[PDB]
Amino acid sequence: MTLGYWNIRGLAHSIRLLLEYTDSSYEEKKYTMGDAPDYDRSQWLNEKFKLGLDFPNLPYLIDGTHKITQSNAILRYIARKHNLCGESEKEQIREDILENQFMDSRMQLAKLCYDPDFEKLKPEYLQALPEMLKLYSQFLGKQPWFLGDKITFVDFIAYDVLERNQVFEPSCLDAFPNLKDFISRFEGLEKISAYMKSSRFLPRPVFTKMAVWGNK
């Protein structure tokens, strides 16, 4: 099993954490991006079209005969294999909603951090952020996990998005104990804890070299 991605956190964080939790056997291919102004992508470009991928992209997962692209598709593949999915209709709906909701959240932060105008844009982001966090908080309520009593793939997505907001602005979650408690819970999982004490753990840089925030 091989995981391909840039040498940064980005869209692979959740996948890495999931492979770890699932005691999956895998190897990473980690491409290096260059700096400004050329942002050299040589190693990736020389192999992008040589992997058998239907829609070449980063991240990618090669598992035996299956070749997958699209972060969410990759997460879902792993998830289905390890019974880490919503089961009831209601759980599936929630799963679907959150998967997409969290992608919107991811992207709002990414759009900010890659905008030349970052500093003029930040306070807006930060003023808006509590509103979204609040919805997440209220959704989660007193459940340990997003779907209920059981951990599922979306919690991996949730962790990444929420935690990185905490890294962006360390106080952002202060108004939401259940979200702080969620992060702790995630981090406290045996496997997660042990990963986190390994050299493979890759929490930063959050974004690519092209970012204005998180490029380092």
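Each residue number is its position in the shown sequence, starting from 1. We call the rigid core the largest set of C-alpha positions that still match within 1.5 Å between the two forms.
Stretch 32 to 40 is the one, of 32 to 40 and 175 to 183, whose CA positions lie farther from the shown form in 5 other deposited structures of this protein once all structures are superposed by the rigid core.
When 104 to 112 is weighed against 87 to 95, 87 to 95 comes out higher, by mean CA B-factor as recorded in the entry. If you average the C-alpha B-factors over 150 to 158 and over 166 to 174, the higher value belongs to 166 to 174. In the PDB entry, the Cα temperature factor peaks, among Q143, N72, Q127, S137, at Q127. You'll see in the entry that, of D38, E28, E187, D54, the Cα B factor peaks at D38.
Compared with the other modelled residues of the chain, the Cα B-factor recorded for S193 ranks in the middle third. Among the modelled residues of the chain, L121 sits in the highest third by CA temperature factor in this PDB entry. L58 sits in the lowest third of its chain by CA B factor, as recorded in the PDB entry.
In the deposited entry, the Cα temperature factor of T22 places it in the middle third of its chain's modelled residues. In this PDB entry, the Cα temperature factor of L45 sits in the top third of its chain's modelled residues, the highest group.
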